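Number of protein chains: 2
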Amino acid sequence: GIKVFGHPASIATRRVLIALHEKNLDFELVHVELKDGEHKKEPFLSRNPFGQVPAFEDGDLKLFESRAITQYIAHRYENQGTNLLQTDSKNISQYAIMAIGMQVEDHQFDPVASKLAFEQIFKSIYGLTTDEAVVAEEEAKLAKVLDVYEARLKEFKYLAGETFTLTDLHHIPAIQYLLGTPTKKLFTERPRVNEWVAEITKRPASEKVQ
Amino acid sequence: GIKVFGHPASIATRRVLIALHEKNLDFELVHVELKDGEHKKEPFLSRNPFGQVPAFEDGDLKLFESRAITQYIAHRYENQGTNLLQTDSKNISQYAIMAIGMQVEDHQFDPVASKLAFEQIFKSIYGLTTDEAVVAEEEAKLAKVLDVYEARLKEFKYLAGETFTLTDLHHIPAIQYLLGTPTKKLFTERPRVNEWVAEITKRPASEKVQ
Ligand SMILES: CCCCCCSC[C@H](NC(=O)CC[C@H]([NH3+])C(=O)O)C(=O)NCC(=O)O
Ligand SMILES: CCCCCCSC[C@H](NC(=O)CC[C@H]([NH3+])C(=O)O)C(=O)NCC(=O)O
Ligand SMILES: CCCCCCSC[C@H](NC(=O)CC[C@H]([NH3+])C(=O)O)C(=O)NCC(=O)O
Ligand SMILES: CCCCCCSC[C@H](NC(=O)CC[C@H]([NH3+])C(=O)O)C(=O)NCC(=O)O
Numbered sequence: 001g002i003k004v005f006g007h008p009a010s011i012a013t014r015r016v017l018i019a020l021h022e023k024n025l026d027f028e029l030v031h032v033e034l035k036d037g038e039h040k041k042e043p044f045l046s047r048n049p050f051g052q053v054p055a056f057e058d059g060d061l062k063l064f065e066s067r068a069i070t071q072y073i074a075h076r077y078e079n080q081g082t083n084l085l086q087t088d089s090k091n092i093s094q095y096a097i098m099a100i101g102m103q104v105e106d107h108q109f110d111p112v113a114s115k116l117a118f119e120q121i122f123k124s125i126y127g128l129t130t131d132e133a134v135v136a137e138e139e140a141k142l143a144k145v146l147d148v149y150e151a152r153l154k155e156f157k158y159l160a161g162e163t164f165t166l167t168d169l170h171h172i173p174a175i176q177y178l179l180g181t182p183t184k185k186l187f188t189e190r191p192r193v194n195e196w197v198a199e200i201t202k203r204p205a206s207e208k209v210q
Numbered sequence: 211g212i213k214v215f216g217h218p219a220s221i222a223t224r225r226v227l228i229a230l231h232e233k234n235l236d237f238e239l240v241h242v243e244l245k246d247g248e249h250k251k252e253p254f255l256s257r258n259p260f261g262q263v264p265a266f267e268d269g270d271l272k273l274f275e276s277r278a279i280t281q282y283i284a285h286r287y288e289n290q291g292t293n294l295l296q297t298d299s300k301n302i303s304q305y306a307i308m309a310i311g312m313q314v315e316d317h318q319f320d321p322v323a324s325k326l327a328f329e330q331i332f333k334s335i336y337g338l339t340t341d342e343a344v345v346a347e348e349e350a351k352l353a354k355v356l357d358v359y360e361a362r363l364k365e366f367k368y369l370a371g372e373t374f375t376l377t378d379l380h381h382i383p384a385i386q387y388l389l390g391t392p393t394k395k396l397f398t399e400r401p402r403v404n405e406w407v408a409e410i411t412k413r414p415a416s417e418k419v420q
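The listed protein sequences derive, respectively, from chains A and B. Per the numbering used here, the first sequence starts with residue 1, numbered consecutively. Per the numbering used here, the second sequence starts with residue 211, numbered consecutively.
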């Protein structure tokens, strides 16, 4: 079967889950206890030597790294449920556009969004003090990336074209967390970005992981 | 026709250049003067809103982000020069293996290798003092990534399998640099990694960018 070895609150794990719900696939979430340092010990290390979640299995195929996993799903199960690739998934040029988008959330958006969620959400649970200077700084970085999405979105319905793809999907887990933080202003204040966010988070697959 | 908008000393630009030499493609490297802040103003900003090199053009098609450019090359010019995809490039599973590897070098290797080259190489040109605490630290992170590679390379000739692919190519520029730095001890003291490094560094397309 298809099993995801991960933790339900992690952004990366959620990214896989949504791809799975989008394709309407049956899978099993095998819970890895981050809290007891499970991700840092055998046998988990055997699934991912870099000791991070998620890890994944489709029958005899074993994968780790969430971007790689979602790409595998979009292709292996292409014609099942929602196609997560470009409408013309044969066109290398169209595909190049989406691959830049995936590359961009990875380098520009994600490290920023993750630091911001760590600061305002993870810390909260354990009563740790949020660094106000870090959060103002990271928000400076985010707005910057968001001004880019804003201009892009003034010409295309979604980031990679007129269709929802892996590029948009990849941004859901982190945005869902930031929307319940005062960082939501950066999304709400930019018209085209706000609407884009409304669309991707209102999807039922997106809703299935919160 | 095909042009690279970058800097010949950049690790990300050399990554695109090696792909082209590998495909036996003719191209123009249009020099973007980083030292003059050329990358942070128009019209470069219209080729890459994030203001980073390289950017790329193949006819009407414009791209940025080196990982996305080298995959474009590997596919669009698939049956030409070297095969940078797996021997069986249609195989979804084999491609998954290669993709995980490209992701690992992006997340685990690159930040580390990049910081180590900035400290020991970049700072040197300006007489800035290389911080040795950071070097020691970052080196500790690299050692452990290379330990993973040593295990893998004991199984397969290359990282994604028995063949040289985009997964390997992507590490060349950073390795070329650190080999002229005292970090080369890390590569050389690891037998399989040592052979692997020599294999991929002695390739003509690799040598044409040094
Ligand atoms: C309840 C709040 C949940 C989200 C908290 C973000 S926690 C900090 C955590 N940091 C890391 O895992 C460090 C490794 C880094 N994510 C990498 O990929 O190299 C993270 O980025 N995690 C990202 C993730 O969950 O995938
Ligand atoms: C109650 C809230 C708990 C929130 C936990 C979030 S941590 C998840 C984190 N995973 C990652 O960073 C995975 C990133 C990886 N690049 C991918 O996309 O798969 C991890 O394993 N980090 C461990 C490490 O980096 O060592
Ligand atoms: C003179 C030999 C120098 C070799 C080391 C390059 S210096 C560091 C350089 N850093 C950047 O470009 C900054 C990236 C980005 N601005 C950030 O937020 O970190 C880099 O990694 N650049 C990546 C690249 O070279 O493409
Ligand atoms: C002696 C100088 C020669 C070495 C200069 C290296 S800087 C190159 C750097 N480019 C990148 O980091 C590219 C990263 C991008 N993720 C990619 O892979 O294309 C850049 O433009 N950085 C500018 C920035 O990020 O602000």
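The beta-carbon is built from N, C-alpha and C at its ideal position, and this holds for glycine as well.
Buried or exposed: where does A:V16 fall if 16 or more other Cβ atoms within 10 Å of its Cβ makes it buried?
-> It counts as buried.
Label A:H171 either buried or exposed according to how many other C-beta atoms from any shown protein chain fall within 10 Å of its C-beta, with 16 as the threshold for buried.
-> By the Cβ neighbour-count rule, A:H171 is buried, with 16 or more other Cβ atoms within 10 Å of its own.
Between A:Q120 and A:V135, what straight-line distance do the alpha-carbon atoms span, to the nearest angstrom?
-> Roughly 8 Å separates the two Cα atoms.
Can you give the Cα-Cα distance for B:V358 and A:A68, rounded to whole angstroms?
-> For the pair B:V358 and A:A68, the Cα-to-Cα distance works out to about 18 Å.
What residues from chain A crowd round B:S303, counting only those whose CB sits closer than 7 Å?
-> Neighbours of B:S303 on chain A, chain order: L61.
Since A:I69 is in the alpha helix (DSSP H), which residue starts that stretch and which ends it?
-> Per DSSP, A:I69 belongs to the alpha helix (DSSP H) from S66 to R76.
Inter-residue Cα distance where the pair is B:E417 and A:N79 | Answer to the nearest angstrom: the Cα atoms are 44 Å apart.
Per DSSP, which residues does B:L352 bridge with? Please list them.
-> Partner(s): none; B:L352 has no beta bridge.
Taking DSSP as the reference, what is the three-state secondary structure of B:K395?
-> Helix at B:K395.
Sequence-distant residues of the same chain with beta carbon closer than 6 Å to B:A229, five excluded per side | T280 and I283, listed in sequence order.
At what residue ranges does the stretch 15-58 of chain A contain a whole run of the beta strand (DSSP E), taking only runs of 3 or more?
-> Here the runs fully enclosed are 28-31 and 55-58.
Proximal chain B residues relative to A:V104, where beta-carbon distance stays under 7 Å | For A:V104, the chain B residues whose Cβ falls inside 7 Å of its Cβ are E275, in order along the chain.
What does A:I125 touch in chain B if you count any residue whose Cβ is under 9 Å from its own?
-> By Cβ distance, chain B contributes nothing, its closest Cβ being about 25 Å from A:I125, past 9 Å.
Using a Cβ cut-off of 7 Å, which residues of the stretch 108-124 of chain A contact any Cβ in chain B, in chain order?
-> The stretch 108-124 of chain A vs chain B, Cβ under 7 Å: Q108.
Endpoints, beta strand (DSSP E) assigned at B:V214 | Unbroken beta strand (DSSP E) run through B:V214: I212 to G216.
Can you find at least 3 beta carbon pairs, one from the stretch 1-13 of chain A and one from the stretch 45-60 of chain A, that sit closer than 8 Å?
-> Pairwise C-beta distances place the stretch 1-13 of chain A in contact with the stretch 45-60 of chain A, as three or more of them are shorter than 8 Å.
What does the shell around ligand 4 hold, if a residue joins when its beta-carbon is under 5 Å from any heavy atom?
-> Having a Cβ closer than 5 Å to some heavy atom of ligand 4 are A:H107, B:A219, B:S220, B:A222, B:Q262, B:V263, B:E275 and B:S276.
Would the C-beta of A:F109 count as close to ligand 1, meaning under 7 Å from any of its heavy atoms?
-> No, since every heavy atom of ligand 1 falls outside the 7 Å radius drawn around the Cβ of A:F109.
Compute every distance between the C-beta of A:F5 and the non-hydrogen atoms of ligand 6, then say whether any falls below 7 Å.
-> Ligand 6 is not part of this structure, which contains only ligand 1, ligand 2, ligand 3 and ligand 4.
A:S46 to A:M98, Cα distance in whole Å?
-> So the alpha carbons of these two residues sit roughly 32 Å apart.
Measuring CB to CB, does A:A143 end up less than 8 Å from A:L186?
-> Cβ distance < 8 Å, so A:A143 and A:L186 count as in contact.
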